[PDB]
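Undergrad: Mind looking over this structure? Questions follow.
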Amino acid sequence: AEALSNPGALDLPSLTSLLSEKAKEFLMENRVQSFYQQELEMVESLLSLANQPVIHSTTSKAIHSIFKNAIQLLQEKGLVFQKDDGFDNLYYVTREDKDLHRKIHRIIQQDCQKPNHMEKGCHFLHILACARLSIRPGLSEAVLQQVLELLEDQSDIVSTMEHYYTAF
């Protein structure tokens with residue numbers, strides 16, 4: 001509550017961290033599926049937080065920079081992702097991509113296409129290798145981890161060993 005009440009006291013990295021947290025809260029509360037960066041810049045509560053003297057010391061570039069860095073923190077955490085689409089400012093929210101969840105679930109249900117003499121289920125890295133071939137070549141470890149956590153929360157998959165998953 002303190003930082004949010006006086007964000008002008010923060011150094012730029014701390015401010016960027018805080019903006020990223022408030023951006024996450026916005027995206028989750030509104031069940032946003034995809035967004036252009038500029039849409040977050042238009043949320044008054046986010047722009048008011050971001051717009052501190054430290055960002056200014058062009059103006060549009062200063063605002064673009066802090067918002068881009070905040071969104072990238074969410075990307076690094078696997079909460080948002082991009083497609084190879086030529087749209088630098090378009091982002092997708094991992095938790096809202098139902099097709100992605102279903103496809104990862106299917107990969108796991110099918111034991112990552114392993115012959116039936118091998119172990120049921122598959123390792124994180126195997127799932128990732130399959131998903132990059134069949135779904136999205138750029139899929140990060142962090143985005144996959146977020147999908148797996150959601151599937152686990154839904155009791156659709158179970159971890160039987162460290163980083164190893166089978167259908168529930």
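Naming scheme: A, B, ... for chains in displayed order of the structure tokens; residues 1 onward per chain; ligands 1 onward as shown.
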Can you pull out every residue within 9 Å of residue 20 of chain A, counting only C-alpha atoms, but drop anything in the same chain fewer than 2 positions away, and send it as a VMD selection string?

TA: chain A and resid 15 to 18 22 to 25 67 69 to 74

Undergrad: Any chance you could list, as a list in words, the residues in segment 51-155 of chain A that come up strand (DSSP E or B) when DSSP is run on the backbone?

TA: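 Secondary structure check on segment 51-155 of chain A, strand (DSSP E or B): residues 80, 81, 90, 91, 92, 93, 122 and 123 of chain A.
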
Undergrad: Could the residues in this selection be written to a file with N, CA and C atoms, as a CSV table (one decimal), in the first residue's frame?

TA:
chain,number,residue,atom,x,y,z
A,80,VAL,N,2.6,-14.1,-19.9
A,80,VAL,CA,2.2,-13.6,-21.2
A,80,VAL,C,3.2,-14.1,-22.2
A,81,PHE,N,2.8,-14.2,-23.5
A,81,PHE,CA,3.6,-14.7,-24.5
A,81,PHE,C,3.3,-14.0,-25.8
A,90,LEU,N,1.9,-6.8,-29.6
A,90,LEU,CA,0.8,-7.7,-29.3
A,90,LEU,C,1.2,-8.8,-28.4
A,91,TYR,N,0.4,-9.0,-27.3
A,91,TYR,CA,0.7,-10.0,-26.3
A,91,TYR,C,-0.5,-10.9,-26.0
A,92,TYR,N,-0.3,-12.2,-25.6
A,92,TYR,CA,-1.3,-13.1,-25.3
A,92,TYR,C,-1.2,-13.5,-23.8
A,93,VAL,N,-2.3,-13.7,-23.1
A,93,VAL,CA,-2.2,-14.1,-21.7
A,93,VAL,C,-2.3,-15.6,-21.6
A,122,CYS,N,5.4,-38.0,-19.4
A,122,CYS,CA,6.6,-37.6,-19.9
A,122,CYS,C,7.3,-36.4,-19.1
A,123,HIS,N,8.5,-36.2,-19.3
A,123,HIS,CA,9.3,-35.2,-18.6
A,123,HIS,C,9.0,-33.8,-19.2

Undergrad: Using only C-alpha atoms, which of A:39, A:160, A:147, A:75 sits nearest residue 120 of chain A?

TA: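 Among A:39, A:160, A:147, A:75, it is A:160 that comes nearest to residue 120 of chain A.
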
Undergrad: Select, from A:49, A:148, A:135, A:104, the residue with the minimum atom-to-atom distance to residue 10 of chain A, counting only C-alpha atoms.

TA: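 Between A:49, A:148, A:135, A:104, the residue approaching residue 10 of chain A most closely is A:49.
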
Undergrad: Extract the full set of helix (DSSP H, G or I) residues from segment 3-147 of chain A according to DSSP on the backbone, and format it as a PyMOL selection string.

TA: chain A and resi 3-5+7-9+12-29+37-41+44-50+53-56+59-76+94-96+98-109+111-113+124-134+141-147

Undergrad: Using only C-alpha atoms, which residue out of A:141, A:152, A:21, A:2 lies closest to residue 127 of chain A?

TA: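 Closest to residue 127 of chain A of all the choices is A:141.
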
Undergrad: What is the atom CA of residue 143 of chain A-atom CA of residue 119 of chain A distance in Å, reported with one decimal?

TA: 24.8 Å

Undergrad: Find, counting only C-alpha atoms, the residue in A:145, A:29, A:1, A:136 that gets nearest to residue 85 of chain A.

TA: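 So, comparing all the options, the nearest one is A:136.
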
Undergrad: Give me the residues near residue 7 of chain A as a VMD selection string, where near means some atom within 10 Å (using only C-alpha atoms) and where sequence neighbours in that chain fewer than 4 positions away do not count.

TA: chain A and resid 2 to 3 11 to 12 14 to 15 18 to 19 48 to 53

Undergrad: Output N, CA and C atoms for every residue in that selection, as a PDB file, in the first residue's frame.

TA:
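The resulting file, part22.pdb, is shown below:
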ATOM      1  N   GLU A   2       2.003   1.197   0.681  1.00  0.00           N
ATOM      2  CA  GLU A   2       2.887   2.349   0.846  1.00  0.00           C
ATOM      3  C   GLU A   2       3.525   2.795  -0.470  1.00  0.00           C
ATOM      4  N   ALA A   3       4.105   1.835  -1.189  1.00  0.00           N
ATOM      5  CA  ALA A   3       4.712   2.096  -2.491  1.00  0.00           C
ATOM      6  C   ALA A   3       3.691   2.618  -3.496  1.00  0.00           C
ATOM      7  N   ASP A  11      13.089   3.991  -7.213  1.00  0.00           N
ATOM      8  CA  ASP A  11      14.043   3.953  -8.309  1.00  0.00           C
ATOM      9  C   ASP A  11      13.361   3.326  -9.522  1.00  0.00           C
ATOM     10  N   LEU A  12      13.912   3.552 -10.714  1.00  0.00           N
ATOM     11  CA  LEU A  12      13.266   3.054 -11.942  1.00  0.00           C
ATOM     12  C   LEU A  12      13.059   1.519 -11.955  1.00  0.00           C
ATOM     13  N   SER A  14      12.672  -0.598  -9.384  1.00  0.00           N
ATOM     14  CA  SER A  14      11.573  -0.883  -8.442  1.00  0.00           C
ATOM     15  C   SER A  14      10.214  -0.465  -9.003  1.00  0.00           C
ATOM     16  N   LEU A  15      10.172   0.723  -9.606  1.00  0.00           N
ATOM     17  CA  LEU A  15       8.936   1.202 -10.222  1.00  0.00           C
ATOM     18  C   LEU A  15       8.449   0.253 -11.313  1.00  0.00           C
ATOM     19  N   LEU A  18       6.986  -2.816  -9.711  1.00  0.00           N
ATOM     20  CA  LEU A  18       5.657  -2.528  -9.196  1.00  0.00           C
ATOM     21  C   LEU A  18       4.612  -2.414 -10.321  1.00  0.00           C
ATOM     22  N   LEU A  19       4.970  -1.713 -11.402  1.00  0.00           N
ATOM     23  CA  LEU A  19       4.077  -1.576 -12.543  1.00  0.00           C
ATOM     24  C   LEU A  19       3.703  -2.945 -13.092  1.00  0.00           C
ATOM     25  N   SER A  48      -0.951   6.346 -14.233  1.00  0.00           N
ATOM     26  CA  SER A  48      -0.671   7.163 -13.048  1.00  0.00           C
ATOM     27  C   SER A  48       0.465   6.607 -12.219  1.00  0.00           C
ATOM     28  N   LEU A  49       0.539   5.282 -12.114  1.00  0.00           N
ATOM     29  CA  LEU A  49       1.629   4.659 -11.374  1.00  0.00           C
ATOM     30  C   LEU A  49       2.944   4.842 -12.130  1.00  0.00           C
ATOM     31  N   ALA A  50       2.912   4.565 -13.427  1.00  0.00           N
ATOM     32  CA  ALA A  50       4.123   4.577 -14.241  1.00  0.00           C
ATOM     33  C   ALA A  50       4.706   5.962 -14.407  1.00  0.00           C
ATOM     34  N   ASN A  51       3.833   6.964 -14.432  1.00  0.00           N
ATOM     35  CA  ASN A  51       4.238   8.326 -14.780  1.00  0.00           C
ATOM     36  C   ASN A  51       4.887   9.061 -13.600  1.00  0.00           C
ATOM     37  N   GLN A  52       6.127   8.673 -13.302  1.00  0.00           N
ATOM     38  CA  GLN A  52       6.914   9.308 -12.250  1.00  0.00           C
ATOM     39  C   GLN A  52       8.091  10.090 -12.836  1.00  0.00           C
ATOM     40  N   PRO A  53       8.601  11.078 -12.090  1.00  0.00           N
ATOM     41  CA  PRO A  53       9.684  11.897 -12.616  1.00  0.00           C
ATOM     42  C   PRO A  53      10.884  11.081 -13.113  1.00  0.00           C
TER      43      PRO A  53
END

Undergrad: May I ask which of the residues A:167, A:36, A:139, A:45 is the closest one to residue 155 of chain A, counting only C-alpha atoms?

TA: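 For residue 155 of chain A, the nearest of the given residues is A:167.
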
Undergrad: Which of these, A:97, A:142, A:151, A:163, has the shortest distance to residue 126 of chain A once you count only C-alpha atoms?

TA: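 Closest candidate: A:163.
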